[PDB]
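Next up: just one chain, as structure tokens, the form deposited in one PDB entry.
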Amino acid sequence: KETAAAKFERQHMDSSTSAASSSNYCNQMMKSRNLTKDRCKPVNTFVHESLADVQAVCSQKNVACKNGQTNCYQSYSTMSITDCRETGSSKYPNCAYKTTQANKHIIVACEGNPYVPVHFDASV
């Protein structure tokens, strides 16, 4: 029932803050977005731009996806993001993450009709 498009919004959209509100950000957000459910998701990126701006990336710079598919797109403008990376001492169910804020171009995979983001591939 959760569409792929909806899952992308759950995993990767946080339009509510301009930047990572705190060294705590990742611990709180991975948990509440259900990314520490069955395992600690090792790496995950949140984007702090509007939904419209992030959906519009599917019409921007077409680039190869890390997996070799052709349906990835790089943003022309930089975007405000937060990178969440599991710590060395992190142990499920107490998943712990380092939080890093940045401004970078994002790369997303897009699929469907309508053609919308479904995976976060990379930042550059």
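Rigid core here is just the name for the largest C-alpha set that superposes within 1.5 Å across the two forms. All residue numbers are counted from 1 along the displayed sequence.
**Student:** To spell it out: superpose each other structure in 6 other deposited structures of this protein onto this one by the rigid core, compute Cα RMS over structures and residues for 35-43 and for 93-101. Which is larger?
**Tutor:** Between 35-43 and 93-101, the one lying farther away in 6 other deposited structures of this protein is 35-43.
**Student:** Once you work out the mean C-alpha B-factor for both 48-56 and 80-88 from the entry, which is higher?
**Tutor:** Higher mean C-alpha B-factor in the PDB entry: 80-88.
**Student:** Can you tell me whether 19-27 has a higher mean C-alpha B factor than 5-13 in this record, or the other way round?
**Tutor:** The stretch with the larger mean CA B-factor is 19-27.
**Student:** Among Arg33, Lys37, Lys66, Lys61, which residue carries the highest C-alpha B-factor recorded in the PDB entry?
**Tutor:** By C-alpha B-factor in the record, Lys37 ranks first.
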